[PDB]
Amino acid sequence: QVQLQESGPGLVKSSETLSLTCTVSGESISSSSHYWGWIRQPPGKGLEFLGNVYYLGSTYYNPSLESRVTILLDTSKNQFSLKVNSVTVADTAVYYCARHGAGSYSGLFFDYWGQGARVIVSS
Amino acid sequence: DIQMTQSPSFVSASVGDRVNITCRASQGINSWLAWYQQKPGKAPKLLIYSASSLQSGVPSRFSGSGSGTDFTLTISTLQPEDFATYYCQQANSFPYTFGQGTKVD
Amino acid sequence: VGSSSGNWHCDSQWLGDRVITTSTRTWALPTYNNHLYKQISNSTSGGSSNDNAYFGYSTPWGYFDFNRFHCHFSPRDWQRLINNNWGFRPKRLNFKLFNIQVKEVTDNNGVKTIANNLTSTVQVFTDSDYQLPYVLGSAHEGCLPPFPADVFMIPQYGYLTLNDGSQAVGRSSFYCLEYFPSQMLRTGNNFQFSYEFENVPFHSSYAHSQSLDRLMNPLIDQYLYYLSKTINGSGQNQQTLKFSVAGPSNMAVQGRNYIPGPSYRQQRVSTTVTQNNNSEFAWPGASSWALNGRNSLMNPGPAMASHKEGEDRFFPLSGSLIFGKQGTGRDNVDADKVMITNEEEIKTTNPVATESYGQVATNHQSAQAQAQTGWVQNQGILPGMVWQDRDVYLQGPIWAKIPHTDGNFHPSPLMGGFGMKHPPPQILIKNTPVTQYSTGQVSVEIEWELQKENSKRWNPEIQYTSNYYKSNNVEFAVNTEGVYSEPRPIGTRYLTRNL
Amino acid sequence: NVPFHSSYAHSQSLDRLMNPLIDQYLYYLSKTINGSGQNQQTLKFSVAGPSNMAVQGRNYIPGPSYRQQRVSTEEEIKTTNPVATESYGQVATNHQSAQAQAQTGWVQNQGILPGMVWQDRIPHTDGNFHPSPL
Amino acid sequence: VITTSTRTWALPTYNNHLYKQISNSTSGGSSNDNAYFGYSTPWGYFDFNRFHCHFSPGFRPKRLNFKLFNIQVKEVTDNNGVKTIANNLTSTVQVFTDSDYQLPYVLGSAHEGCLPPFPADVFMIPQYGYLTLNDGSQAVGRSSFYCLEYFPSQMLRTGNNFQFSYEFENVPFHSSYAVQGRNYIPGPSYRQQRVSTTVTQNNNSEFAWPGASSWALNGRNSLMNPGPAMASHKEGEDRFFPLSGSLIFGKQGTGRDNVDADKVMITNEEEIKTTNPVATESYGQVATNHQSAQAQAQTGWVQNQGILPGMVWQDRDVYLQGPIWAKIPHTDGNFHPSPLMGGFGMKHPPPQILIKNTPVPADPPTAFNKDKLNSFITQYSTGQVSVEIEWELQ
């Protein structure tokens with residue numbers, strides 16, 4: 001079983017970088033061979049993919065977000081961190097951590113999900 | 001990007017009655033889909049992966065067969081335990097996109 | 001009969017520039033083919049394709065195979081090698097076989113009967129004249145176990161010969177191993193022999209800190225000129241020649257003394273399933289060398305980086321040693337049940353496997369003909385090329401025999417390790433016919449020599465480490481069922497050298 | 001001082017050096033489409049084994065080839081050297097993708113690679129390779 | 001033949017006695033092909049790796065000699081608008097050789113800054129910096145940092161001298177001379193584009209680069225220059241030169257950028273056209289199919305060709321203006337190590353000789369301040385250098 005916890009600030013000043021981290025318990029990122037990815041849920045709206053990071057460090061970003069997001073993979077502490085730059089009022093929602101893969105559908109469908117992390121961008 | 005539109009936006013259907021939620025991809029996704037279920041405030045949880053293959057955790061009642069431009073999630077014998085929004089996901093081409101949501105009652 | 005014919009030695013002694021590693025295992029030898037030489041051919045198993053055609057034999061003889069690294073090195077020992085050393089190579093091999101116990105089975109009704117057979121013998125001999133086929137180079141299973149407490153089973157010896165389809169030809173050779181003088185051991189005898197490795201170049205276990213094309217001084221200009229502009233602008237009869245000094249501003253054009261090594265492009269497949277084409281291109285689209293009208297897949301292929309820097313999802317189709325995690329099935333396993341090794345380290349001086357080697361100008365320009373170029377998919381050796389050989393993973397092979405031929409170029413084998421013209425001899429064993437099987441101990445000892453890291457690099461190296469995040473079970477250890485599982489393959493290349 | 005001339009035909013072919021009774025520990029890429037789910041992409045691996053021997057990873061490869069034309073009216077070395085009238089093999093020209101099929105093309109000429117072996121049949125210069133005359 | 005050369009050198013102060021990271025980004029970045037990462041050092045290096053240093057207008061080096069003496073230290077002091085140069089007698093100059101090849105080796109890239117060909121000239125010692133692994137302008141964890149202060153070196157006041165000897169390792173003699181079944185074939189070729197010195201022939205469309213042949217390494221296309229040794233042009237036409245196939249020297253006084261074909265001396269390898277293929281022509285034709293009644297015999301062209309058994313070839317000629325030796329990259333394997341700009345390829349070439357002025361701080365404050373002193377005396381030094389090589393002839 002894979003438990004996913006997010007942590008970081010819950011309030012960030014506008015145009016200050018946002019940083020969350022997801023510490024995965026129950027697997028080992030280095031030897032699991034699965035993709036790990038983020039999505040975001042602006043309030044009362046549909047979830048939008050942010051990007052994922054393959055266990056060797058390769059990374060895909062969502063072009064909608066314009067080169068703000070950066071997904072760092074810290075493999076030794078078994079956690080990976082989302083960083084989005086120049087935050088705005090619009091970029092506030094609950095950020096979910098997820099394991100992007102399974103045997104057949106690796107890097108496709110999100111089977112195991114974080115508990116969720118509220119982030120409110122404000123001045 | 002590829003749009004996703006779930007046809008019923010709000011479907012009020014009570015207990016025991018069969019419900020079907022349909023979401024059509026903007027362009028052919030070659031039967032790559034992922035229906036999700038979000039109870040309010042908690043993170044969503046996967047239900048059906050690929051086109052019709054059920055997840056291990058989910059109850060037999062959920063089902064759906066896509067033809068690749070058309071997809072339906074049929075909740076059969078709806079129990080009170082699940083009144084939640086339902087999202088669909090494309091796996092076909094980056095970026096992955098979750099259309100709207102279908103709130104059921 | 002009543003006294004131990006040998007002792008138990010497993011350990012590693014790190015002494016100066018040399019390493020002595022000794023491994024001992026417990027084995028079981030059944031009887032194969034009912035004490036008979038049996039002919040085998042694909043026609044028996046259905047013989048689907050001409051590519052898979054083979055004609056060969058199966059012998060009751062079993063053989064010992066210690067050819068993989070994890071036999072010799074415990075994970076921690078291996079760590080002490082890749083971290084601290086710029087190279088290694090074997091010197092001496094000292095092999096011992098002893099404590100033979102021959103068992104016999106007379107099955108009566110449900111329960112079978114097993115008891116000591118005292119007068120039974122076990123024949124064992126080595127091929128040190130290399131008159132037999134050498135099957136120890138192809139990375140077959142059946143080696144000594146990674147984990148000492150695992151009791152294993154001696155593989156069966158077989159070999160192939162010339163063929164046309166399932167039929168044979170006149171030149172096919174049939175070897176009877178009984179024809180070889182061989183020692184015969186009863187339950188009190190032991191078997192031992194020593195071996196002196198021939199001289200082989202150190203295997204490199206360092207990653208270049210520089211890339212082949214950046215060897216330049218960034219602050220200074222070359223005195224060589226290159227052609228910057230063939231026109232001034234748009235118009236009629238605008239042709240002109242403008243040379244510039246190559247220098248740090250534009251480094252792509254500088255004159256260089258050496259060039260990256262050979263490349264044979266592999267098709268690149270993504271581990272995200274959906275970036276791949278929706279068709280069956282597994283055998284049709286793969287790279288393959290053809291021999292005598294029989295197509296052969298290029299696995300692992302020449303030594304080339306697995307992917308461009310920054311993209312790791314993709315891997316070359318056949319271009320990577322693919323191990324598998326324990327419990328992985330033998331057929332149609334998933335993407336994550338296998339461990340796909342990637343050559344991140346050798347990208348600096350070797351071409352990328354999934355990219356072209358470059359361009360060539362394919363025609364002669366004039367007023368009426370543009371300069372036309374085309375890609376180089378396959379590039380053989382040229383004067384000046386330098387390259388790095390494939391790394392040896394902890395699970396991978398050690399040596400392979402160089403086929404005795406007229407000539408060869410850089411014999412170092414493609415799956416890694418040390419190419420040798422007189423590798424460690426095969427060791428053959430069987431139960432002398434008299435239902436019978438035998439068991440005992442095997443201790444194998446290789447003496448490894450080291451090359452120490454002398455470098456003046458100021459900042460710390462990248463070293464191999466073990467994580468600290470409270471996992472359910474420790475890596476390189478046993479689960480609650482006593483199942484020793486090697487979670488990830490370990491490269492040899494961590495320390496850094498200059499190019 | 002010259003190398004002893006070799007006057008024999010190798011008993012075994014280069015690609016067949018394997019042991020026919022035992023699997024390799026290495027996997028190859030068997031199946032790229034499911035076929036059950038109506039051609040959903042999938043990625044499956046299977047052990048390279050004596051049942052399918054074309055796919056097993058080999059330590060050495062055949063020698064160079066520079067093709068000739070076949071005219072209708074050295075067959076001993078066909079073990080370690082390619083046929084002069086047949087292609088050396090295939091390479092992949094392009095990256096596959098969802099919108100583009102994997103393409104391959106023929107190798108008409110192939111120079112030396114590390115790990116080639118071959119069988120045979122001096123100017124005064126700065127360099128030569130394998131001086132044995134043709 | 002024992003060639004001796006003595007020179008006078010001036011050594012400035014680089015980077016104000018400081019180490020500075022350099023990447024393309026500090027330089028503006030250009031494009032990805034031009035990206036780099038590395039450091040720069042205050043140390044200057046003596047590069048005498050050119051043929052004309054040793055020569056006035058078969059062979060191979062045997063022994064080397066090196067001498068550095070007559071150390072003279074200066075300092076410049078600007079008072080208001082004028083400056084005053086006064087010998088500082090107690091100053092120290094540091095010099096050391098890297099004989100273990102532990103530093104990167106930049107003497108093989110044919111950079112400027114060599115000892116001058118004309119004995120009256122006084123030259124400025126070029127700065128020493130090196131490039132390491134990079135991604136974009138950023139450094140990967142694998143990238144190395146060398147602090148040259150961490151090598152033992154020899155500090156020279158005005159009376160001291162520096163000298164050492166070097167022993168060349170054995171290398172091959174340089175060569176400086178010119179349908180029936182045949183026993184050997186001509187050597188490899190990697191075809192280059194063909195440019196004519198008469199501008200009318202070249203087309204209007206740009207072709208300098210897209211046209212030049214290049215080799216991709218980690219996804220960065222680098223021009224192929226000078227390329228494997230090949231004949232520059234067919235016999236009878238001297239106006240055609242391979243686009244990236246030759247060493248091109250600038251004439252005395254030539255500008256740096258966008259110089260015409262007149263200011264640059266374009267060498268050509270036509271001497272070796274006997275044994276070597278033409279850079280602008282294909283190697284030959286290969287058969288693309290099987291002839292039958294139903295399909296005609298087809299052929300195709302060989303643009304690039306590797307090494308094949310029976311191939312014999314000449315290396316590139318060496319010029320009085322050009323490089324002598326380069327260091328064979330330490331690797332598991334290589335073929336015919338002779339460098340592509342010519343000369344001798346060595347596993348242990350003559351070492352770099354690194355030199356800097358020991359920085360003298362200006363007045364420190366009267367109160368302790370932990371910060372490193374950034375206030376130094378303006379200083380430079382000058383002296384004599386005499387190098388000697390014992391050459392062997394055939």
# chains A, B, ... in the order shown; residues from 1 in each chain; ligands from 1
$ interface_residues --of "chain C" --to "chain A" --cutoff "10 Å" --atoms "only C-alpha atoms" --output "tab-separated table (two decimals) with N, CA and C atoms, in the first residue's frame"
chain	number	residue	atom	x	y	z
C	271	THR	N	8.64	4.26	-22.29
C	271	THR	CA	8.09	3.48	-21.20
C	271	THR	C	6.69	3.96	-20.83
C	272	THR	N	6.38	5.22	-21.12
C	272	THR	CA	4.98	5.60	-21.19
C	272	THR	C	4.38	4.94	-22.41
C	273	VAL	N	3.35	4.12	-22.20
C	273	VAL	CA	2.94	3.21	-23.26
C	273	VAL	C	2.35	3.97	-24.43
C	274	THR	N	1.83	5.17	-24.17
C	274	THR	CA	1.00	5.83	-25.17
C	274	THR	C	1.81	6.71	-26.11
C	309	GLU	N	20.62	13.67	-22.82
C	309	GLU	CA	20.50	14.20	-21.47
C	309	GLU	C	19.19	14.93	-21.28
C	310	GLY	N	18.57	14.68	-20.13
C	310	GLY	CA	17.32	15.30	-19.77
C	310	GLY	C	16.06	14.54	-20.12
C	311	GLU	N	16.17	13.50	-20.94
C	311	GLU	CA	15.00	12.69	-21.25
C	311	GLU	C	15.34	11.27	-20.86
C	312	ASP	N	14.61	10.73	-19.89
C	312	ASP	CA	14.90	9.38	-19.43
C	312	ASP	C	13.77	8.38	-19.61
C	313	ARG	N	12.61	8.83	-20.06
C	313	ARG	CA	11.50	7.90	-20.23
C	313	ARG	C	11.84	6.86	-21.27
C	314	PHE	N	12.43	7.32	-22.37
C	314	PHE	CA	12.78	6.47	-23.49
C	314	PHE	C	14.00	5.59	-23.30
C	325	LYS	N	13.24	-8.15	-12.01
C	325	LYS	CA	13.10	-8.22	-10.58
C	325	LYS	C	12.67	-9.62	-10.19
C	333	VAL	N	5.93	-10.14	-19.31
C	333	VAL	CA	5.90	-9.40	-18.06
C	333	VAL	C	5.73	-7.92	-18.35
C	334	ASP	N	5.29	-7.17	-17.35
C	334	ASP	CA	5.06	-5.75	-17.49
C	334	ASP	C	6.33	-4.91	-17.52
C	335	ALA	N	6.16	-3.64	-17.85
C	335	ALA	CA	7.27	-2.70	-17.97
C	335	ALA	C	8.06	-2.53	-16.69
C	336	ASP	N	7.39	-2.57	-15.55
C	336	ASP	CA	8.07	-2.40	-14.26
C	336	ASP	C	8.53	-3.70	-13.57
C	337	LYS	N	8.29	-4.86	-14.17
C	337	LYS	CA	8.71	-6.12	-13.57
C	337	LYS	C	10.16	-6.44	-13.97
C	338	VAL	N	10.62	-5.72	-14.98
C	338	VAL	CA	11.97	-5.76	-15.52
C	338	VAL	C	12.72	-4.52	-15.06
C	339	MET	N	14.04	-4.63	-14.95
C	339	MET	CA	14.88	-3.51	-14.59
C	339	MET	C	15.70	-3.13	-15.81
C	340	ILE	N	15.33	-2.04	-16.48
C	340	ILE	CA	16.03	-1.63	-17.69
C	340	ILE	C	17.21	-0.71	-17.41
C	342	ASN	N	20.29	1.80	-18.04
C	342	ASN	CA	20.50	2.89	-18.97
C	342	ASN	C	21.92	3.41	-18.88
C	465	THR	N	25.09	5.13	-2.69
C	465	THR	CA	24.66	5.21	-1.30
C	465	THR	C	23.42	4.37	-1.09
C	466	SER	N	23.07	4.15	0.17
C	466	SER	CA	21.83	3.47	0.49
C	466	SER	C	20.91	4.43	1.23
C	467	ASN	N	19.67	4.49	0.78
C	467	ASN	CA	18.68	5.41	1.31
C	467	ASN	C	18.31	5.20	2.76
C	468	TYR	N	17.77	6.24	3.37
C	468	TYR	CA	17.37	6.17	4.76
C	468	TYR	C	15.95	6.69	4.90
C	469	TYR	N	14.96	5.92	4.47
C	469	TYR	CA	13.59	6.39	4.59
C	469	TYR	C	12.61	5.39	5.19
C	470	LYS	N	13.06	4.61	6.16
C	470	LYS	CA	12.19	3.66	6.86
C	470	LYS	C	11.33	2.72	6.01
C	471	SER	N	11.94	2.01	5.07
C	471	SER	CA	11.22	1.06	4.23
C	471	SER	C	10.82	-0.19	5.00
C	472	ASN	N	9.84	-0.93	4.48
C	472	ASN	CA	9.35	-2.14	5.14
C	472	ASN	C	10.44	-3.18	5.30
C	475	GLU	N	17.02	-2.96	1.67
C	475	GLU	CA	17.44	-3.36	0.33
C	475	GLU	C	18.56	-4.39	0.43
C	486	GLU	N	17.36	-8.53	-5.18
C	486	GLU	CA	18.25	-7.45	-5.59
C	486	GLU	C	17.42	-6.35	-6.24
C	487	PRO	N	17.17	-5.23	-5.56
C	487	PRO	CA	16.15	-4.29	-6.04
C	487	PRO	C	16.52	-3.53	-7.30
C	488	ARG	N	17.77	-3.12	-7.47
C	488	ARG	CA	18.15	-2.34	-8.64
C	488	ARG	C	19.55	-2.70	-9.10
C	489	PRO	N	19.82	-2.63	-10.40
C	489	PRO	CA	21.16	-2.94	-10.90
C	489	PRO	C	22.11	-1.79	-10.64
$ interface_residues --of "chain B" --to "chain A" --cutoff "8 Å" --atoms "only C-alpha atoms" --output "ChimeraX atom specification"
/B:34,42-46,49-50,87,89,91,95-101
$ residues_around --residues "residue 69 of chain D" --least-positions-apart "2" --cutoff "8 Å" --atoms "only C-alpha atoms" --output "PDB file with C-alpha atoms, in the first residue's frame"
ATOM      1  CA  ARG D  67      27.677  -5.506 -50.937  1.00  0.00           C
ATOM      2  CA  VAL D  71      24.917 -12.820 -61.032  1.00  0.00           C
ATOM      3  CA  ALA D  84      28.177 -10.785 -50.237  1.00  0.00           C
ATOM      4  CA  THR D  85      24.819 -10.570 -52.042  1.00  0.00           C
TER       5      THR D  85
ATOM      6  CA  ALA E 287      24.385  -2.740 -55.095  1.00  0.00           C
ATOM      7  CA  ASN E 289      19.019  -5.195 -54.858  1.00  0.00           C
ATOM      8  CA  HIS E 290      19.077  -8.479 -56.781  1.00  0.00           C
ATOM      9  CA  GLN E 291      19.003  -8.387 -60.565  1.00  0.00           C
ATOM     10  CA  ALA E 297      20.497  -3.838 -61.529  1.00  0.00           C
TER      11      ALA E 297
END
$ interface_residues --of "chain D" --to "chain A" --cutoff "12 Å" --atoms "only C-alpha atoms" --output "PDB file with C-alpha atoms, in the first residue's frame"
ATOM      1  CA  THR D  32       4.151  -3.866 -28.327  1.00  0.00           C
ATOM      2  CA  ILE D  33       0.346  -4.144 -28.750  1.00  0.00           C
ATOM      3  CA  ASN D  34      -2.278  -5.813 -26.602  1.00  0.00           C
ATOM      4  CA  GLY D  37      -8.303  -4.356 -26.083  1.00  0.00           C
ATOM      5  CA  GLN D  40      -4.268  -0.581 -27.064  1.00  0.00           C
ATOM      6  CA  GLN D  41      -0.556   0.077 -26.846  1.00  0.00           C
ATOM      7  CA  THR D  42       1.149  -2.130 -24.301  1.00  0.00           C
ATOM      8  CA  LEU D  43       4.701  -3.035 -23.399  1.00  0.00           C
ATOM      9  CA  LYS D  44       5.609  -6.637 -22.589  1.00  0.00           C
ATOM     10  CA  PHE D  45       8.911  -8.383 -21.913  1.00  0.00           C
TER      11      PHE D  45
END
$ residues_around --residues "residue 257 of chain E" --least-positions-apart "4" --cutoff "7 Å" --atoms "only C-alpha atoms" --output "ChimeraX atom specification"
/C:243-245
$ write_last_selection --atoms "N, CA and C atoms" --output "compact mmCIF listing (two decimals), in the first residue's frame"
# COMPACT_ATOMS: atom_id res chain seq x y z
N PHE C 243 35.01 34.14 -43.88
CA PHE C 243 35.63 33.30 -42.87
C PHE C 243 35.62 34.04 -41.54
N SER C 244 35.48 33.29 -40.45
CA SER C 244 35.57 33.87 -39.13
C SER C 244 36.57 33.07 -38.31
N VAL C 245 36.99 33.64 -37.19
CA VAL C 245 37.83 32.91 -36.26
C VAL C 245 36.93 32.09 -35.34
$ interface_residues --of "chain B" --to "chain D" --cutoff "10 Å" --atoms "only C-alpha atoms" --output "PyMOL selection string"
chain B and resi 30-32+50-53+67+92-93
$ closest_atom_pairs --of "chain C" --to "chain E" --cutoff "6 Å" --atoms "only C-alpha atoms" --output "CSV"
residue,atom,partner,partner_atom,distance
C:209,CA,E:143,CA,5.7
C:210,CA,E:132,CA,4.9
C:216,CA,E:109,CA,5.5
C:217,CA,E:130,CA,5.3
C:221,CA,E:111,CA,5.5
C:222,CA,E:111,CA,4.1
C:223,CA,E:112,CA,5.9
C:224,CA,E:248,CA,5.5
C:225,CA,E:248,CA,5.2
C:230,CA,E:206,CA,5.9
C:238,CA,E:204,CA,5.7
C:239,CA,E:199,CA,5.2
C:240,CA,E:199,CA,5.4
C:241,CA,E:260,CA,5.8
C:242,CA,E:258,CA,4.8
C:243,CA,E:259,CA,5.0
C:244,CA,E:257,CA,4.5
C:245,CA,E:256,CA,5.5
C:250,CA,E:34,CA,5.7
C:251,CA,E:34,CA,5.2
C:252,CA,E:222,CA,4.6
C:253,CA,E:223,CA,4.9
C:255,CA,E:225,CA,4.7
C:257,CA,E:340,CA,4.6
C:308,CA,E:218,CA,5.2
C:347,CA,E:218,CA,6.0
C:351,CA,E:217,CA,5.2
C:357,CA,E:215,CA,5.5
C:358,CA,E:215,CA,4.1
C:359,CA,E:213,CA,4.8
C:360,CA,E:213,CA,4.7
C:361,CA,E:193,CA,5.1
C:366,CA,E:202,CA,5.2
C:367,CA,E:203,CA,4.4
C:371,CA,E:211,CA,5.8
C:380,CA,E:306,CA,4.6
C:381,CA,E:306,CA,5.1
C:382,CA,E:306,CA,5.4
C:383,CA,E:336,CA,5.0
C:384,CA,E:337,CA,5.3
C:385,CA,E:334,CA,5.6
C:386,CA,E:334,CA,4.1
C:387,CA,E:333,CA,5.5
C:388,CA,E:332,CA,5.2
C:455,CA,E:102,CA,5.9
C:457,CA,E:146,CA,5.4
C:458,CA,E:146,CA,5.6
C:499,CA,E:329,CA,5.2
$ write_last_selection --atoms "C-alpha atoms" --output "short mmCIF file (atom, residue, chain, number, x, y, z; two decimals), in the first residue's frame"
data_model
loop_
_atom_site.label_atom_id
_atom_site.label_comp_id
_atom_site.auth_asym_id
_atom_site.auth_seq_id
_atom_site.Cartn_x
_atom_site.Cartn_y
_atom_site.Cartn_z
CA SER C 209 33.78 14.74 -16.30
CA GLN C 210 34.22 16.30 -19.72
CA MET C 216 38.67 23.27 -25.50
CA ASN C 217 39.87 26.20 -23.43
CA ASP C 221 40.46 31.79 -29.61
CA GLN C 222 41.74 29.15 -31.99
CA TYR C 223 43.77 30.27 -34.97
CA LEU C 224 41.65 28.16 -37.33
CA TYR C 225 39.07 29.77 -39.63
CA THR C 230 28.09 32.11 -48.18
CA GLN C 238 24.85 37.25 -53.84
CA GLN C 239 27.38 34.44 -53.39
CA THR C 240 30.31 35.37 -51.16
CA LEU C 241 32.89 33.81 -48.85
CA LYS C 242 33.27 35.05 -45.27
CA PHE C 243 35.63 33.30 -42.87
CA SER C 244 35.57 33.87 -39.13
CA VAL C 245 37.83 32.91 -36.26
CA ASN C 250 30.75 29.86 -31.30
CA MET C 251 32.20 26.58 -30.00
CA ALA C 252 30.32 24.25 -32.31
CA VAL C 253 32.63 24.93 -35.24
CA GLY C 255 38.63 22.23 -35.08
CA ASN C 257 41.46 16.37 -32.77
CA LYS C 308 19.92 12.27 -24.67
CA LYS C 347 26.94 9.76 -23.16
CA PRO C 351 27.04 8.79 -29.63
CA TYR C 357 25.65 9.93 -35.88
CA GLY C 358 25.51 13.15 -37.86
CA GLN C 359 25.06 14.49 -41.38
CA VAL C 360 26.94 14.15 -44.64
CA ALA C 361 26.71 16.37 -47.70
CA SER C 366 26.19 24.80 -57.84
CA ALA C 367 23.94 27.65 -58.89
CA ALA C 371 23.51 21.53 -50.73
CA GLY C 380 31.85 2.36 -38.35
CA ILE C 381 35.29 3.08 -36.99
CA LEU C 382 37.24 6.02 -38.42
CA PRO C 383 40.74 7.20 -37.50
CA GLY C 384 40.51 9.41 -34.45
CA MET C 385 37.44 7.89 -32.81
CA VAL C 386 37.50 7.36 -29.06
CA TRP C 387 34.82 5.52 -27.15
CA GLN C 388 33.90 3.95 -23.80
CA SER C 455 42.27 12.75 -8.91
CA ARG C 457 38.94 17.22 -8.03
CA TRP C 458 38.01 19.72 -5.33
CA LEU C 499 38.74 13.19 -20.85
#
$ residues_around --residues "residue 10 of chain B" --least-positions-apart "4" --cutoff "8 Å" --atoms "only C-alpha atoms" --output "JSON list (two decimals) with N, CA, C and O atoms, in the first residue's frame"
[["chain", "number", "residue", "atom", "x", "y", "z"],
["B", 102, "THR", "N", -19.20, 15.55, -13.46],
["B", 102, "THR", "CA", -20.59, 15.14, -13.46],
["B", 102, "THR", "C", -21.01, 14.91, -12.02],
["B", 102, "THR", "O", -20.66, 13.90, -11.40],
["B", 103, "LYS", "N", -21.79, 15.83, -11.48],
["B", 103, "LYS", "CA", -22.26, 15.67, -10.12],
["B", 103, "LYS", "C", -23.56, 14.88, -10.14],
["B", 103, "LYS", "O", -24.49, 15.22, -10.87],
["B", 104, "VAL", "N", -23.61, 13.82, -9.35],
["B", 104, "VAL", "CA", -24.76, 12.93, -9.33],
["B", 104, "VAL", "C", -25.40, 13.04, -7.96],
["B", 104, "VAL", "O", -24.73, 13.38, -6.98]]
$ residues_around --residues "segment 84-89 of chain C" --least-positions-apart "4" --cutoff "7 Å" --atoms "only C-alpha atoms" --output "list in words"
residues 80, 202, 203, 204, 205, 206, 448, 449, 450, 451, 452 and 453 of chain C
$ select_by_dssp --residues "chain B" --states "strand (DSSP E)" --output "JSON, numbers by chain"
{"B": [4, 5, 6, 10, 11, 19, 20, 21, 22, 23, 24, 25, 34, 35, 36, 37, 38, 45, 46, 47, 48, 49, 53, 54, 62, 63, 72, 73, 74, 75, 85, 86, 87, 102, 103, 104]}
$ residues_around --residues "residue 105 of chain B" --least-positions-apart "3" --cutoff "7 Å" --atoms "only C-alpha atoms" --output "ChimeraX atom specification"
/B:11-14,83
$ atom_distance --atom1 "atom CA of residue 1 of chain E" --atom2 "atom CA of residue 55 of chain E"
10.4 Å
$ closest_residue --among "C:277, C:106, C:406, C:454" --to "chain B" --atoms "only C-alpha atoms"
C:277
$ closest_residue --among "C:287, C:326, C:459, C:270" --to "residue 478 of chain C" --atoms "only C-alpha atoms"
C:326
$ closest_atom_pairs --of "chain D" --to "chain E" --cutoff "7 Å" --atoms "only C-alpha atoms" --output "Markdown table"
| residue | atom | partner | partner_atom | distance |
| --- | --- | --- | --- | --- |
| D:64 | CA | E:308 | CA | 7.0 |
| D:67 | CA | E:286 | CA | 5.8 |
| D:68 | CA | E:287 | CA | 5.7 |
| D:69 | CA | E:287 | CA | 5.6 |
| D:70 | CA | E:290 | CA | 6.0 |
| D:108 | CA | E:286 | CA | 6.7 |
| D:111 | CA | E:306 | CA | 4.6 |
| D:112 | CA | E:307 | CA | 5.8 |
| D:125 | CA | E:314 | CA | 5.9 |
| D:126 | CA | E:314 | CA | 4.9 |
| D:127 | CA | E:313 | CA | 5.7 |
| D:128 | CA | E:312 | CA | 4.3 |
| D:129 | CA | E:309 | CA | 5.5 |
| D:130 | CA | E:309 | CA | 5.2 |
| D:131 | CA | E:310 | CA | 5.6 |
| D:132 | CA | E:310 | CA | 6.7 |
| D:133 | CA | E:183 | CA | 5.0 |
| D:134 | CA | E:183 | CA | 4.6 |
$ select_by_dssp --residues "segment 41-255 of chain C" --states "alpha helix (DSSP H)" --output "PyMOL selection string"
chain C and resi 42-45+69-72+75-82
$ atom_distance --atom1 "atom CA of residue 37 of chain A" --atom2 "atom CA of residue 8 of chain A"
16.7 Å
$ closest_residue --among "C:307, C:140, C:76, C:214" --to "chain D" --atoms "only C-alpha atoms"
C:140
$ decode --residues "segment 72-85 of chain D" --atoms "C-alpha atoms" --output "PDB file, in the first residue's frame"
ATOM      1  CA  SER D  72      23.223 -16.109 -61.901  1.00  0.00           C
ATOM      2  CA  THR D  73      24.803 -18.946 -63.863  1.00  0.00           C
ATOM      3  CA  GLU D  74      33.750 -18.474 -50.200  1.00  0.00           C
ATOM      4  CA  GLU D  75      30.806 -20.426 -48.832  1.00  0.00           C
ATOM      5  CA  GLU D  76      32.861 -21.990 -46.024  1.00  0.00           C
ATOM      6  CA  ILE D  77      33.172 -18.782 -43.974  1.00  0.00           C
ATOM      7  CA  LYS D  78      29.422 -18.122 -44.078  1.00  0.00           C
ATOM      8  CA  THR D  79      29.496 -18.742 -40.319  1.00  0.00           C
ATOM      9  CA  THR D  80      31.275 -15.540 -39.238  1.00  0.00           C
ATOM     10  CA  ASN D  81      30.907 -13.403 -42.346  1.00  0.00           C
ATOM     11  CA  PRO D  82      27.788 -12.101 -44.100  1.00  0.00           C
ATOM     12  CA  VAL D  83      26.777 -13.120 -47.595  1.00  0.00           C
ATOM     13  CA  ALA D  84      28.177 -10.785 -50.237  1.00  0.00           C
ATOM     14  CA  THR D  85      24.819 -10.570 -52.042  1.00  0.00           C
TER      15      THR D  85
END
